[PDB]
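Colleague: One structure, as structure tokens, below. Some questions next.
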Amino acid sequence: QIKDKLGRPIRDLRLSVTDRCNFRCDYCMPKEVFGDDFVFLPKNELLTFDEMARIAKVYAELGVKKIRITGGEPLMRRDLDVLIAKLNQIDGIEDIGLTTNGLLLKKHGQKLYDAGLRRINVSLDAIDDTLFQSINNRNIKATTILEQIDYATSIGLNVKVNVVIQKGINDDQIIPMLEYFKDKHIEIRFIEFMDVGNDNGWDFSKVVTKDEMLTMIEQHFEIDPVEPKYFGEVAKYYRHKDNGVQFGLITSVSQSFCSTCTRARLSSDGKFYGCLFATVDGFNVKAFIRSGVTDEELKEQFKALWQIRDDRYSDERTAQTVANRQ
Amino acid sequence: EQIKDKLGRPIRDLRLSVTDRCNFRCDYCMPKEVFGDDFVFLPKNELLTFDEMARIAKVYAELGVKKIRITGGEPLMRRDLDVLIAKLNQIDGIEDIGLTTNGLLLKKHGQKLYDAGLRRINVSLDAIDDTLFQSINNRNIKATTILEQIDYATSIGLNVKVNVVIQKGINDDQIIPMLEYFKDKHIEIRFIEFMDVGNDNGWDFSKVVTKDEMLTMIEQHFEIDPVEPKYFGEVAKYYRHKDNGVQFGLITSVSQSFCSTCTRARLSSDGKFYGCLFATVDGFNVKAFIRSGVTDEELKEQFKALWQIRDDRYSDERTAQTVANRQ
Ligand SMILES: C[S@@+](CC[C@H](N)C(=O)[O-])C[C@H]1O[C@@H](n2cnc3c(N)ncnc32)[C@H](O)[C@@H]1O
Ligand SMILES: C[S@@+](CC[C@H](N)C(=O)[O-])C[C@H]1O[C@@H](n2cnc3c(N)ncnc32)[C@H](O)[C@@H]1O
Ligand code: SF4
Ligand code: SF4
Ligand code: SF4
Ligand code: SF4
């Protein structure tokens with residue numbers, strides 16, 4: 001069994017499938033930076049679906065059970081159903097999820113379902129249509145994505161919703177969004193906003209922690225804690241007492257979780273990373289694969305990359321924050 | 001003035017173990033089968049002296065230690081413990097000195113300790129029913145005796161908190177009676193998840209009651225709200241009674257391990273340094289180091305080196321092995 005320097009196994013391959021996106025969310029792909037001038041990866045500089053499938057097969061043999069399709073906005077990747085069909089035929093792979101702004105769900109949703117997609121995570125940072133647009137800078141209304149969510153649900157997809165909260169910006173959406181998704185029996189998850197400051201610890205200025213979110217929510221809702229489904233479950237779940245619909249809170253910053261992190265990551269340009277943060281360019285899997293290698297030489301290269309992994313960025317910021325309290 | 005270890009963690013707390021002796025034989029700590037008649041405890045001269053401890057505490061205060069916890073063993077068994085408290089009370093930079101005790105000897109020594117500057121104690125008490133408690137301590141001590149010690153300690157002006165380790169099948173039926181009793185005494189109680197490493201070798205949950213489960217038990221008898229953390233990376237998760245307002249704590253030693261904020265150095269009763277509560281091998285011989293003849297600077301430089309190479313994270317390792325054993 002394959003474990004890194006901190007004793008963590010490989011479970012979870014995050015597959016980035018494009019660098020492109022149809023939103024320009026102020027904190028992720030700001031319009032300044034990613035303007036009209038931006039040149040994105042060309043077609044041939046992305047991994048093919050066949051190379052993706054090959055990589056996934058090899059990872060399955062090392063322990064990976066789950067694959068999360070991301071980008072970018074994944075639905076801009078043109079024949080995404082084809083990847084999903086190939087991923088769904090890999091034996092050790094048990095779950096495939098997709099993480100999306102949901103805009104293209106009415107165009108590509110049925111195709112993806114028919115290829116074997118069953119679960120999606122839709123990010124939506126407000127339910128107000130105005131405030132959603134000022135976040136996304138592409139004149140989309142939240143109402144539009146709500147309708148996409150309803151379509152996805154109608155064709156049999158399981159939908160969960162991810163909201164990153166910022167304390168001058170998203171503060172006040174917490175209660176309306178719980179009410180709306182409570183009614184629709186859809187699991188929503190509030191996520192603490194991550195931002196490292198000058199002192200190299202966490203910056204709590206635009207943060208609303210799990211514990212303050214929870215003070216807000218109890219004032220408006222009657223609620224019970226749900227016991228962790230399995231050990232090391234990341235999200236802290238709660239249940240509305242009247243109808244048992246669940247929501248979750250993700251303690252990105254106030255309670256870092258690197259010790260249970262089993263996530264390996266392939267960028268859209270085809271480079272291996274052991275963590276969502278990372279200064280240097282990672283191993284060039286794309287280059288390696290295109291210069292003829294056996295499956296066995298691929299497996300051993302991924303094994304060696306994992307066994308050398310000691311990433312724990314969020315825990316490091318956590319420790320530095322303790323140090324800065326002085 | 002601020003020293004960090006290999007995982008970015010500053011030194012902040014010093015646990016000083018002052019004896020290996022104890023007046024109990026708690027089944028999960030000093031079982032009588034191991035610590036019975038033929039056990040040999042440390043000779044007196046192999047303990048650190050109080051001067052050695054004060055000198056060690058001083059140099060650690062220069063490296064950023066702010067809190068000292070006195071423990072053991074049962075620290076009240078150490079003769080003239082009040083002389084140690086008095087020397088530690090004279091050290092610049094130390095803001096808090098705490099004692100953790102089973103409490104049995106608090107009537108005997110409490111006033112002396114108070115006089116010497118002690119103001120805070122943490123009393124370990126795993127049950128409030130007498131028959132049960134006797135079955136745990138294995139020395140025929142009644143919980144009622146410990147309760148009277150607690151009430152004397154508060155009366156002389158010590159601040160008392162209570163710690164309770166819960167093992168499923170043994171004392172988990174005690175969570176409610178103890179919450180009720182100390183709620184009415186305005187004393188903060190804390191429940192701690194039992195740590196036990198299984199064969200395999202992540203955590204053994206076989207009795208383990210988790211913080212989550214403890215809370216499901218608790219919210220039925222009492223109406224409760226969270227208390228937000230007083231500071232960032234506070235280990236205990238606090239709650240308060242809506243009545244009233246008395247706080248209690250729950251400690252997720254096993255279900256939510258917290259090595260990332262761990263700022264604890266430890267000296268054993270035989271005077272060896274440990275960077276963690278769990279250790280399989282002997283630590284650096286601080287005791288022989290200082291008895292070999294060293295300067296305060298040489299001492300400080302060694303403590304700084306011991307901390308800079310520290311990478312312990314036992315509970316997180318166990319947590320990772322647990323995730324890894326799920327396959
Ligand atoms: C990069 S998008 C990729 C998939 C798709 N475009 C989407 O947004 O659903 C994935 C997530 O990163 C999150 N994100 C970016 N920066 C973040 C930050 N500083 N703190 C918390 N989440 C962040 C966004 O909320 C988003 O849900
Ligand atoms: C070594 S005693 C020293 C102080 C004093 N003799 C007392 O018992 O309070 C310190 C603590 O270690 C704790 N402890 C020992 N083994 C434990 C375990 N497996 N899980 C949780 N706590 C444990 C005991 O409950 C006790 O409170
Ligand atoms: S939609 Fe997703 S990838 Fe695009 S700018 Fe927003 S968070 Fe970023
Ligand atoms: S910051 Fe920690 S939990 Fe997040 S991807 Fe990196 S190692 Fe994993
Ligand atoms: S009283 Fe404290 S040191 Fe003594 S056996 Fe019990 S837990 Fe251990
Ligand atoms: S197990 Fe972790 S939290 Fe506990 S003393 Fe060791 S390093 Fe610190």
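So you can find residues: chains in the structure tokens are A, B, ... in the order shown, residues in each start at 1, and ligands are numbered from 1 in order.
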Return the neighbours of chain B among the residues of chain A, cut-off 7 Å, counting only C-alpha atoms, as a list in words.

Modeller: residues 7, 8, 9, 211, 227, 259, 260, 315, 316, 319, 320, 322 and 323 of chain A

Colleague: Would you output that residue set with C-alpha atoms, as an mmCIF file, in the first residue's frame?

Modeller:
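Result file is out05.cif:
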data_model
loop_
_atom_site.group_PDB
_atom_site.id
_atom_site.type_symbol
_atom_site.label_atom_id
_atom_site.label_comp_id
_atom_site.auth_asym_id
_atom_site.auth_seq_id
_atom_site.Cartn_x
_atom_site.Cartn_y
_atom_site.Cartn_z
ATOM 1 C CA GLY A 7 1.536 8.393 6.279
ATOM 2 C CA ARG A 8 -1.330 9.388 3.933
ATOM 3 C CA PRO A 9 -2.472 6.994 1.140
ATOM 4 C CA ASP A 211 -18.383 28.608 14.567
ATOM 5 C CA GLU A 227 -22.254 12.198 13.455
ATOM 6 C CA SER A 259 -3.486 14.838 7.968
ATOM 7 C CA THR A 260 -6.385 13.077 6.186
ATOM 8 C CA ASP A 315 -1.517 23.009 8.324
ATOM 9 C CA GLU A 316 1.611 25.165 7.791
ATOM 10 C CA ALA A 319 1.070 26.623 12.626
ATOM 11 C CA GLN A 320 2.345 30.070 11.525
ATOM 12 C CA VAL A 322 -0.192 30.056 16.227
ATOM 13 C CA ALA A 323 3.368 31.488 16.006
#

Colleague: Throw together the list of residues within 9 Å of ligand 1, counting only C-alpha atoms and all ligand atoms, and drop it here as an MDAnalysis selection string.

Modeller: chainID A and resid 16 20:23 25 27:29 69:75 98:102 121:125 161:166 191:196 252

Colleague: For ligand 2, list the contacting residues at 10 Å or closer, counting only C-alpha atoms and all ligand atoms, as JSON, numbers by chain.

Modeller: {"B": [17, 18, 19, 20, 21, 22, 23, 24, 25, 26, 27, 28, 29, 30, 69, 70, 71, 72, 73, 74, 75, 76, 77, 99, 100, 101, 102, 103, 104, 121, 122, 123, 124, 125, 126, 137, 162, 163, 164, 165, 166, 167, 191, 192, 193, 194, 195, 196, 197, 208, 251, 253, 254, 277]}

Colleague: Do you know which residues are at most 8 Å from residue 286 (chain A) counting only C-alpha atoms, after dropping those on the same chain fewer than 5 positions away, and could you put them as a list in words?

Modeller: residues 47, 269, 270 and 271 of chain A

Colleague: Write the residues you've just listed into a file as a JSON list (two decimals), in the first residue's frame, and include N, CA, C and O atoms for each of them.

Modeller:
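part-v3.json, freshly written:
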[["chain", "number", "residue", "atom", "x", "y", "z"],
["A", 47, "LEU", "N", -4.08, 17.25, -22.02],
["A", 47, "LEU", "CA", -4.02, 15.81, -22.11],
["A", 47, "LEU", "C", -5.23, 15.35, -22.89],
["A", 47, "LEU", "O", -6.30, 15.91, -22.73],
["A", 269, "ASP", "N", -2.66, 21.64, -17.97],
["A", 269, "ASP", "CA", -1.42, 21.41, -18.75],
["A", 269, "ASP", "C", -0.69, 20.05, -18.50],
["A", 269, "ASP", "O", 0.36, 19.79, -19.09],
["A", 270, "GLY", "N", -1.24, 19.20, -17.62],
["A", 270, "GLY", "CA", -0.76, 17.84, -17.44],
["A", 270, "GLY", "C", 0.44, 17.69, -16.53],
["A", 270, "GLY", "O", 1.40, 16.99, -16.86],
["A", 271, "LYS", "N", 0.38, 18.33, -15.36],
["A", 271, "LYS", "CA", 1.48, 18.31, -14.41],
["A", 271, "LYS", "C", 0.96, 17.80, -13.08],
["A", 271, "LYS", "O", -0.15, 18.12, -12.69]]

Colleague: Give me the residues within 10 Å of residue 91 (chain B) as a ChimeraX atom specification, counting only C-alpha atoms and dropping any in the same chain fewer than 2 places off.

Modeller: /B:54-55,57-59,61-62,86-89,93-95

Colleague: Go through A:66, A:3, A:189, A:11 and flag the residue nearest residue 247 (chain A), using only C-alpha atoms for the distances.

Modeller: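 Distance minimum relative to residue 247 (chain A) lands on A:189.
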
Colleague: Could you list, as a PyMOL selection string, all the residues within 8 Å of ligand 4, counting only C-alpha atoms and all ligand atoms?

Modeller: chain A and resi 256-263+274-277+310-315

Colleague: Write a file of the just-selected residues containing C-alpha atoms, as a PDB file, in the first residue's frame.

Modeller:
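Below is the file again.pdb, written as the result:
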ATOM      1  CA  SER A 256      -7.080  22.532   8.788  1.00  0.00           C
ATOM      2  CA  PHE A 257      -7.210  18.848   7.769  1.00  0.00           C
ATOM      3  CA  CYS A 258      -3.972  17.992   5.889  1.00  0.00           C
ATOM      4  CA  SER A 259      -3.486  14.838   7.968  1.00  0.00           C
ATOM      5  CA  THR A 260      -6.385  13.077   6.186  1.00  0.00           C
ATOM      6  CA  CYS A 261      -5.555  14.525   2.727  1.00  0.00           C
ATOM      7  CA  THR A 262      -5.306  11.750   0.171  1.00  0.00           C
ATOM      8  CA  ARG A 263      -5.679  13.979  -2.885  1.00  0.00           C
ATOM      9  CA  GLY A 274       0.370  16.941  -4.353  1.00  0.00           C
ATOM     10  CA  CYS A 275      -1.619  19.924  -3.006  1.00  0.00           C
ATOM     11  CA  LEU A 276      -3.911  22.721  -4.261  1.00  0.00           C
ATOM     12  CA  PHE A 277      -1.170  25.254  -3.296  1.00  0.00           C
ATOM     13  CA  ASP A 310       5.038  15.927   2.241  1.00  0.00           C
ATOM     14  CA  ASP A 311       2.522  18.657   1.389  1.00  0.00           C
ATOM     15  CA  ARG A 312       0.543  20.219   4.208  1.00  0.00           C
ATOM     16  CA  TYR A 313       0.159  23.885   3.183  1.00  0.00           C
ATOM     17  CA  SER A 314      -2.992  24.682   5.207  1.00  0.00           C
ATOM     18  CA  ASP A 315      -1.517  23.009   8.324  1.00  0.00           C
TER      19      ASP A 315
END

Colleague: Go through B:120, B:304, B:221, B:264 and flag the residue nearest ligand 6, using only C-alpha atoms and all ligand atoms for the distances.

Modeller: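 Answer, going by the shortest atom-to-atom distance: B:264.
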
Colleague: As an exercise, work out the distance from CA of residue 141 (chain B) to CA of residue 127 (chain B) in Å and give it to one decimal place.

Modeller: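 Separation between CA of residue 141 (chain B) and CA of residue 127 (chain B): 11.3 Å.
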
Colleague: Hey, what does DSSP flag as helix (DSSP H, G or I) within region 50-216 of chain B? Can you give it to me as a VMD selection string?

Modeller: chain B and resid 50 to 62 75 to 77 81 to 88 106 to 116 130 to 137 143 to 156 172 to 184 211 to 216

Colleague: Leaving out residue 268 (chain A) and any residue of its chain fewer than 3 positions from it, which residues lie within 6 Å of it when counting only C-alpha atoms, given as a VMD selection string?

Modeller: chain A and resid 16 to 19 46

Colleague: Could you check the closest approach to ligand 6 for each of B:276, B:63, B:128, B:147 and tell me which residue wins, using only C-alpha atoms and all ligand atoms?

Modeller: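 Comparing B:276, B:63, B:128, B:147 against ligand 6, the winner is B:276.
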
Colleague: Please return as a ChimeraX atom specification: the residues of region 64-285 of chain A that backbone DSSP assigns to strand (DSSP E).

Modeller: /A:66-70,95-100,119-123,158-165,187-192,223-225,236-240,246-250,264-266,271-273,283-284

Colleague: Could you tell me how far CA of residue 190 (chain A) lies from CA of residue 178 (chain A), in Å and to one decimal?

Modeller: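 Separation between CA of residue 190 (chain A) and CA of residue 178 (chain A): 9.6 Å.
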
Colleague: Give me, as an MDAnalysis selection string, all polymer residues having an atom no more than 9 Å from residue 299 (chain A), counting only C-alpha atoms and skipping those fewer than 5 positions away in the same chain.

Modeller: chainID A and resid 55 58:59 61:62 294 304

Colleague: Only N, CA and C atoms, please: the residues just picked out, written as a PDB file, in the first residue's frame.

Modeller:
ATOM      1  N   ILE A  55      -3.890   7.443 -17.196  1.00  0.00           N
ATOM      2  CA  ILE A  55      -3.357   7.913 -15.941  1.00  0.00           C
ATOM      3  C   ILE A  55      -4.235   7.407 -14.823  1.00  0.00           C
ATOM      4  N   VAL A  58      -3.819   3.673 -13.913  1.00  0.00           N
ATOM      5  CA  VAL A  58      -2.594   3.421 -13.192  1.00  0.00           C
ATOM      6  C   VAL A  58      -2.756   3.856 -11.746  1.00  0.00           C
ATOM      7  N   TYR A  59      -3.473   4.953 -11.535  1.00  0.00           N
ATOM      8  CA  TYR A  59      -3.708   5.455 -10.181  1.00  0.00           C
ATOM      9  C   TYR A  59      -4.655   4.507  -9.408  1.00  0.00           C
ATOM     10  N   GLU A  61      -4.763   1.357  -9.605  1.00  0.00           N
ATOM     11  CA  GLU A  61      -3.893   0.289  -9.107  1.00  0.00           C
ATOM     12  C   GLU A  61      -3.066   0.681  -7.891  1.00  0.00           C
ATOM     13  N   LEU A  62      -2.883   1.982  -7.686  1.00  0.00           N
ATOM     14  CA  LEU A  62      -2.219   2.508  -6.506  1.00  0.00           C
ATOM     15  C   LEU A  62      -3.174   2.871  -5.363  1.00  0.00           C
ATOM     16  N   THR A 294       6.042   2.442 -20.646  1.00  0.00           N
ATOM     17  CA  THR A 294       5.132   1.361 -20.269  1.00  0.00           C
ATOM     18  C   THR A 294       4.163   1.873 -19.222  1.00  0.00           C
ATOM     19  N   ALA A 304       6.496   6.843  -6.975  1.00  0.00           N
ATOM     20  CA  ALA A 304       7.651   7.585  -6.471  1.00  0.00           C
ATOM     21  C   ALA A 304       7.295   9.043  -6.165  1.00  0.00           C
TER      22      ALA A 304
END

Colleague: If we count only C-alpha atoms, what is near residue 219 (chain A) at a cut-off of 10 Å, once residues fewer than 4 positions away on the same chain are taken out, given as a PDB file with N, CA, C and O atoms, in the first residue's frame?

Modeller:
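Output (around_24.pdb):
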ATOM      1  N   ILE A 175     -28.379  32.489   5.123  1.00  0.00           N
ATOM      2  CA  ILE A 175     -29.723  32.107   5.564  1.00  0.00           C
ATOM      3  C   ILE A 175     -30.703  31.883   4.407  1.00  0.00           C
ATOM      4  O   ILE A 175     -31.430  30.891   4.412  1.00  0.00           O
ATOM      5  N   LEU A 214     -22.315  29.168  12.375  1.00  0.00           N
ATOM      6  CA  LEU A 214     -23.191  28.311  13.175  1.00  0.00           C
ATOM      7  C   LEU A 214     -24.003  29.107  14.196  1.00  0.00           C
ATOM      8  O   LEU A 214     -25.115  28.715  14.523  1.00  0.00           O
ATOM      9  N   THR A 215     -23.457  30.216  14.694  1.00  0.00           N
ATOM     10  CA  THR A 215     -24.217  31.094  15.600  1.00  0.00           C
ATOM     11  C   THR A 215     -25.343  31.777  14.826  1.00  0.00           C
ATOM     12  O   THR A 215     -26.443  31.950  15.351  1.00  0.00           O
TER      13      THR A 215
END
